[PDB]
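**Student:** These protein sequence lines are chains C and G, in that order.
So for the first sequence, this note's numbering puts the first residue at 1; every next one is plus one.
So for the second sequence, this note's numbering puts the first residue at 1; every next one is plus one.
One structure, as structure tokens, below. Some questions next.
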Amino acid sequence: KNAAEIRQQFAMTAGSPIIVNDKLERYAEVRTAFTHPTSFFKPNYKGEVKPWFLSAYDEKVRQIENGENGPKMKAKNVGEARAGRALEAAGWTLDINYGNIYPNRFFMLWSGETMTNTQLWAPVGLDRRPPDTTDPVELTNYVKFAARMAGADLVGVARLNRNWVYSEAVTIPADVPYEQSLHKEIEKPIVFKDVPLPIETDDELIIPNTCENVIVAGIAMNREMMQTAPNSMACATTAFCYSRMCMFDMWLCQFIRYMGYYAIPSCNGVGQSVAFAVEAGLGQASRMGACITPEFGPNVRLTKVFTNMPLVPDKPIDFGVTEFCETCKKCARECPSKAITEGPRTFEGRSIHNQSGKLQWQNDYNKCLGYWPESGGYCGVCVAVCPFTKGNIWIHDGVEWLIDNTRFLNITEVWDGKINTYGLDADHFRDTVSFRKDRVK
Amino acid sequence: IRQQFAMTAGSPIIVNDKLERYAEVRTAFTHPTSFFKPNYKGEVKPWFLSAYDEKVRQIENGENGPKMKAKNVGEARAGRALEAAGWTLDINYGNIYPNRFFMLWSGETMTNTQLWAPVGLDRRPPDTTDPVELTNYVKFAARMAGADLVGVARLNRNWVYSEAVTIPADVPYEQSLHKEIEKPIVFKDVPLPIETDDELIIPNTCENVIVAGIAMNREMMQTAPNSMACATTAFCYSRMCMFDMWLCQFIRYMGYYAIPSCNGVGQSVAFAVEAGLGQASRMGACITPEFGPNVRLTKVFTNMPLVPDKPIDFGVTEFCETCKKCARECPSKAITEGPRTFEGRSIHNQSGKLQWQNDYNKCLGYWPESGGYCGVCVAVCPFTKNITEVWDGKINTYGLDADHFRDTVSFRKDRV
Ligand SMILES: Oc1cc(F)c(F)c(F)c1
Ligand SMILES: Oc1cc(F)c(F)c(F)c1
Ligand code: SF4
Ligand code: SF4
Ligand code: SF4
Ligand code: SF4
């Protein structure tokens, strides 16, 4: 298997592959099902209406007391049930309020100046010295090497398409401490202005007009654990990867700053990761709505960093995902909430949670979120059943690579089974080896 | 290999009745007799500020290390930018202050604990007390948390620092370096790890230590003493910090307590030897079968019942007896060519244990000179096996190497 060959074979000519029409407007982040008032509240198993994640907490507690690893899924014993939720909770250690979405708060600072690392290194002046490299070719190789050190399994570069940057972010006022954060969330516009550096005022989050590029990282989840979806070990690989995302953003932003440029971290905030990942060539959009990659299918998390560092954009990739999703529909048939459409792509949002004006499969994300308190987790059944999540999809016919169409026709064993560092799989880890030739052309 | 070379139970570190616990302030990094070193202009400064001055001089002169020309100034800058960034999740080079910043001895105030409070995992008594099942659970968690190697030992208090270097609890970060103080670490009959005005208190119930190996990148370490060796060192310190926090939270959410440490609290090499990760060596590092000495260590202390691993003997002592390659290549002649003794060469060694006694002030003195963290000893050690070619060459996630990553695969059989 040769993952670099595969990406070269399916590379497209330059240009955003996302098809849009005149109804396209930037999307206010509060509209996501996690944050919008219509979807935020969900009943728990006693019928009490609560913030969805508190209702899900109630189900986790109920499952542990009943020796279960998920909905109607008996564990080996209560201790095993406990252990899965302890692993899940611990995975979130470096993530604020399920996704790090507040810009320029906590780990997501838009300047490095107050960070303990920046203060310690201040005598060297790396963040104040003008860049010594302005060549986009060399910078792309340097920043991608740094990205791999920082924990990305995939990395790509695109020009920043502002259509996918949230029109307004969900955040908290700068004087609000963490313990009041969930009670004091506000909206704040993200605007683009002729300023030298990213800056936040009382009224606006201001991205400079010089912010040309977005660097997108893929953070691979663990296949054995995700295949337990919707049960607790799928929750644990999800959670650990959010902390890996946070570390990636902070590491990479510091590298970029110490190279003489500015950098904006984001994790789940600032803009729509799937669209950036498609434009940076990590993969293609899919029926479930995730970015499907050749190496991991959709079983990969995304984060991204915005910067004025000159870079060479990667080419988008077309390995036939759209045509497979047209005929496959496994995620839609297996979805426990029937949130995923079995119909064609349109430009018309299904509800407030979708951004209208771009051609995509339109899914009902209030239905999806509704299953999370019911199951006490983050589901993931769609990722688990997608044939691209299997490690065995690619075959070579003597001339070229192709997808094997035959692919489209318990938790105790996970705890007792194969694992390796960060949940990566040495049987496939060669797929993400990188040399200069595949970092920049 | 690890099963083939398992020893019977029992600490393999030979001691005499002279041995006493070692005050952390005695390390060359911290002690007043070794802390101040001249820069290249002759100005005496804290040694790491003099090393900063050399990094700046090298960038200006288009160098990646001492008398090592870079491809250009841009390349020199990029190596130091990568090094500085690697340290993002590490306080003041090593996270040594206990119960400060990332190294909290309780999870109660952490943002993650607060968010998860309604589930009550940290307040609920353990549902598992079987050390066999716990050892399998916690080692699985350790691999998720970024350890390439993990082992368990009973806690030997001889390797716990008698007094830690820390700061007063209300001193802000901007004043930390100027207000470092000593503070005793003591063991008492208390329910939970607790810090008073006077003492860091570890419970007498704190039976076990979990030791993690965090693998460095071979291509980058082989550029020692130049900048890319500094970068793999730095990134692994941030990996250490995330490992400690992740694992401590897992242990707490299982109903036990956990003390993180990174480079603080105690001597990692001794813990790693007792937990079976590897053997002590002439250079002083723990040499592992998978990585040689090219691996960083961190550790977590806990009352969670666990099954101790066996120490390992794969012949490092006898190999180091005749090798002496690190000693001949050491740019500061810090590593001895003589035999092992129980007598330290200076304040920086803990006397009373059989080891190769090295002069660690000589080692530190080379760091301002070279503008880095050296590492030549690690780079040349047989067990471990230009900068433009590294930047243009092979890399993979976290610097791990897919040619060898199968060596750290793990199933239950090898976890307990
Ligand atoms: O983006 C996410 C937000 C959440 F609240 C979750 F629980 C989760 F697993 C992912
Ligand atoms: O000479 C000292 C060095 C240190 F690191 C201290 F913690 C201290 F109190 C005295
Ligand atoms: S399961 Fe099938 S339809 Fe759904 S995303 Fe995967 S390939 Fe597309
Ligand atoms: S996460 Fe679960 S409920 Fe949501 S779309 Fe996927 S399968 Fe459906
Ligand atoms: S780090 Fe360098 S100076 Fe220090 S002991 Fe090793 S070779 Fe010698
Ligand atoms: S270089 Fe030789 S003597 Fe030194 S630590 Fe390695 S094997 Fe031992």
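By construction, the Cβ of each residue, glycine as well, lies at the ideal position given by its N, Cα and C atoms.
Ordered along the chain, which non-local residues of its own chain (more than five positions away) have a Cβ less than 6 Å from that of residue 151 (chain G)?
**Tutor:** Here residue 151 (chain G) refers to the residue found at position 151 of the second sequence. Cβ within range, chain order: 211, 275, 276, 277, 309.
**Student:** Specify, as a first and last residue, the run of the alpha helix (DSSP H) that residue 412 (chain G) falls within.
**Tutor:** Against the second sequence, residue 412 (chain G) aligns to sequence position 412. Residue 412 (chain G) -> alpha helix (DSSP H) spans 412-415.
**Student:** Which residues, in order along the region 148-182 of chain C, keep a beta-carbon less than 8 Å from a beta-carbon of chain G?
**Tutor:** 148, 149, 150, 151, 152, 153, 178, 179
**Student:** Between the region 223-241 of chain G and chain C, which residues of the former have CB atoms less than 9 Å from a CB of the latter, in chain order?
**Tutor:** Residues passing the 9 Å Cβ filter: 231, 232, 235, 238, 239.
**Student:** Per DSSP, what kind of secondary structure is residue 204 (chain C) in: helix, strand or coil?
**Tutor:** Sequence index remark: in the first sequence, residue 204 (chain C) carries index 204 (1-based). Here residue 204 (chain C) sits in coil by DSSP.
**Student:** Among all residues, which have a Cβ less than 6 Å from at least one non-hydrogen atom of ligand 1, and in what chain order do they fall?
**Tutor:** Going along the chain, the residues that qualify are C:34, C:53, C:98, C:99, C:238, C:268, C:378.
**Student:** I'd like to know whether the C-beta atoms of residue 249 (chain G) and residue 99 (chain G) end up nearer to each other than 8 Å.
**Tutor:** The residue you call residue 249 (chain G) lines up with position 249 of the second sequence. The residue you call residue 99 (chain G) lines up with position 99 of the second sequence. Going by C-beta atoms, residue 249 (chain G) is not nearer than 8 Å to residue 99 (chain G).
**Student:** Given this structure, state the Cα-to-Cα distance separating residue 66 (chain C) from residue 374 (chain C), to the nearest angstrom.
**Tutor:** On the first sequence, residue 66 (chain C) is found 66 positions in, with the first residue counted as 1. On the first sequence, residue 374 (chain C) is found 374 positions in, with the first residue counted as 1. So the alpha carbons of these two residues sit roughly 15 Å apart.
**Student:** Closest Cβ-Cβ distance between residue 257 (chain G) and chain C: below 8 Å?
**Tutor:** Walking along the second sequence from the start, residue 257 (chain G) turns up at place 257. No, its Cβ sits nowhere closer than 8 Å to a Cβ of chain C.
**Student:** Is residue 223 (chain G) closer than 8 Å to residue 387 (chain G) when the C-beta atoms are compared?
**Tutor:** Your numbering for residue 387 (chain G) matches position 387 in the second sequence. Your numbering for residue 223 (chain G) matches position 223 in the second sequence. Taking the C-beta atoms as reference points, residue 223 (chain G) is found nearer than 8 Å to residue 387 (chain G).
**Student:** Does the beta carbon of residue 410 (chain G) come closer than 8 Å to any beta carbon on chain C?
**Tutor:** The count along the second sequence starts at 1 and reaches residue 410 (chain G) at position 410. Answer yes: the Cβ-Cβ gap between residue 410 (chain G) and chain C drops below 8 Å somewhere.
**Student:** Does DSSP put residue 366 (chain C) in a helix, a strand or coil?
**Tutor:** If you number the first sequence from 1, residue 366 (chain C) lands on position 366. It is helical.
**Student:** Note the first and the last residue of the continuous beta strand (DSSP E) segment covering residue 208 (chain G).
**Tutor:** Looking up residue 208 (chain G) in the second sequence gives position 208. Element bounds for residue 208 (chain G): 208-215.
**Student:** Any chance the CB of residue 332 (chain G) is under 7 Å from a heavy atom of ligand 5?
**Tutor:** To locate residue 332 (chain G), count along the second sequence from 1; it is residue 332. Relative to the non-hydrogen atoms of ligand 5, the Cβ of residue 332 (chain G) comes within a distance shorter than 7 Å of at least one.
**Student:** So residue 414 (chain C) and residue 233 (chain C) are supposed to be a Cβ contact under 8 Å. How far apart are they, rounded?
**Tutor:** Within the first sequence, numbered from 1, the residue matching residue 414 (chain C) stands at position 414. Within the first sequence, numbered from 1, the residue matching residue 233 (chain C) stands at position 233. That belief holds up - the Cβ atoms of residue 414 (chain C) and residue 233 (chain C) are roughly 5 Å apart, short of 8 Å.
**Student:** Using a Cβ-Cβ cut-off of 6 Å (strictly less than) and excluding sequence neighbours within five positions of residue 189 (chain C), which residues of its own chain qualify?
**Tutor:** Locating residue 189 (chain C) in the first sequence gives position 189, counting from the first residue. 168, 204.
**Student:** Does residue 113 (chain C) pass the burial test, meaning 16 or more other C-beta atoms within 10 Å, or should it be called exposed?
**Tutor:** Locating residue 113 (chain C) in the first sequence gives position 113, counting from the first residue. Residue 113 (chain C) is exposed by the Cβ-count criterion.
**Student:** From C:361, C:301, C:75, C:294, pick the residue whose C-alpha is nearest to that of residue 326 (chain C); which is it?
**Tutor:** For the purposes of this step, residue 326 (chain C) is taken as the residue at position 326 of the first sequence. Checking every option, the nearest Cα to that of residue 326 (chain C) belongs to C:361.
**Student:** Going by the beta-carbon positions, is the gap between residue 139 (chain C) and residue 311 (chain C) smaller than 8 Å?
**Tutor:** Taking the first residue of the first sequence as position 1, residue 139 (chain C) is located at position 139. Taking the first residue of the first sequence as position 1, residue 311 (chain C) is located at position 311. Yes, the pair counts as a contact, with Cβ atoms nearer than the cut-off.
**Student:** For residue 151 (chain C) versus residue 306 (chain C), is the C-beta spacing smaller than 8 Å?
**Tutor:** As a position in the first sequence, residue 151 (chain C) is number 151, starting the count at 1. As a position in the first sequence, residue 306 (chain C) is number 306, starting the count at 1. No. Outside cutoff.
**Student:** Using the beta-carbon count (16 or more within 10 Å), is residue 172 (chain G) buried or exposed?
**Tutor:** Reading the second sequence from its first residue, position 172 is the one you call residue 172 (chain G). That one is exposed.
**Student:** Any Cβ of chain G within less than 8 Å of the Cβ of residue 443 (chain C)?
**Tutor:** No statement about residue 443 (chain C) is possible, as the shown extent of chain C runs from 1 to 441 and does not include it.
**Student:** Using the Cβ count rule (16 or more neighbours within 10 Å means buried), how would you classify residue 371 (chain G)?
**Tutor:** Residue mapping note: residue 371 (chain G) aligns to position 371 of the second sequence, counting from 1. Under this definition residue 371 (chain G) is a buried residue.
**Student:** Ligand 4 and residue 274 (chain C): does any heavy atom of the ligand fall closer than 7 Å to the residue's C-beta?
**Tutor:** On the first sequence, position 274 is the one that residue 274 (chain C) refers to. Incorrect: residue 274 (chain C) has no Cβ contact closer than 7 Å to ligand 4.
**Student:** Would you call the region 246-260 of chain G and the region 392-411 of chain G touching, i.e. three or more CB-CB distances under 8 Å?
**Tutor:** no
**Student:** Could you check what DSSP says for residue 401 (chain C) in three-state terms: helix, strand or coil?
**Tutor:** By one-based count along the first sequence, residue 401 (chain C) stands at place 401. Residue 401 (chain C): strand per DSSP, three-state reduction.
**Student:** Find the residues of chain C that neighbour residue 55 (chain G), judging by a C-beta separation of less than 8 Å, and give them in chain order.
**Tutor:** For the purposes of this step, residue 55 (chain G) is taken as residue 55 along the second sequence, with counting starting at 1. Within chain C, the residues near residue 55 (chain G) are 124.
**Student:** Is there at least one non-hydrogen atom of ligand 2 closer than 7 Å to the beta-carbon of residue 203 (chain G)?
**Tutor:** As a first step, residue 203 (chain G) must be located in the second sequence, where it is residue number 203. No, the Cβ of residue 203 (chain G) stays beyond 7 Å of every heavy atom of ligand 2.
**Student:** Residues of chain G with a CB under 7 Å from the CB of residue 224 (chain C): which are they?
**Tutor:** For the purposes of this step, residue 224 (chain C) is taken as the residue at position 224 of the first sequence. Those do not exist, as residue 224 (chain C) stays about 11 Å from chain G at its closest Cβ, beyond 7 Å.
**Student:** Tell me, please, whether the CB atom of residue 3 (chain C) is closer than 8 Å to any CB atom in chain G?
**Tutor:** For this step, residue 3 (chain C) is matched to residue 3 along the first sequence. Residue 3 (chain C) does not count as touching chain G.
**Student:** Alpha carbons only, please: which of C:317, C:342, C:357, C:422 is nearest the one belonging to residue 13 (chain C)?
**Tutor:** By one-based count along the first sequence, residue 13 (chain C) stands at place 13. Checked all of C:317, C:342, C:357, C:422; the closest Cα to residue 13 (chain C) is C:317.
**Student:** Label residue 417 (chain G) either buried or exposed according to how many other C-beta atoms from any shown protein chain fall within 10 Å of its C-beta, with 16 as the threshold for buried.
**Tutor:** The first residue shown for chain G is 1 and the last is 416, placing residue 417 (chain G) beyond what the model contains.
**Student:** Which residues, in chain order, sit with a beta-carbon under 5 Å away from any heavy atom of ligand 6?
**Tutor:** G:281, G:282, G:283, G:320, G:323, G:325, G:326, G:381
**Student:** Does the count of Cβ pairs from the region 12-27 of chain C and the region 346-356 of chain C closer than 8 Å reach three?
**Tutor:** yes
**Student:** Mind checking residue 387 (chain C): buried by the 16 CB within 10 Å criterion, or exposed?
**Tutor:** Residue 387 (chain C) sits at position 387 when you count from the first residue of the first sequence. That one is buried.
**Student:** Run through chain G and tell me which residues come within less than 8 Å of residue 272 (chain C), C-beta to C-beta.
**Tutor:** Stepping through the first sequence from its first residue, residue 272 (chain C) is reached at position 272. Correct list: empty, because the minimum Cβ distance to chain G is about 24 Å.
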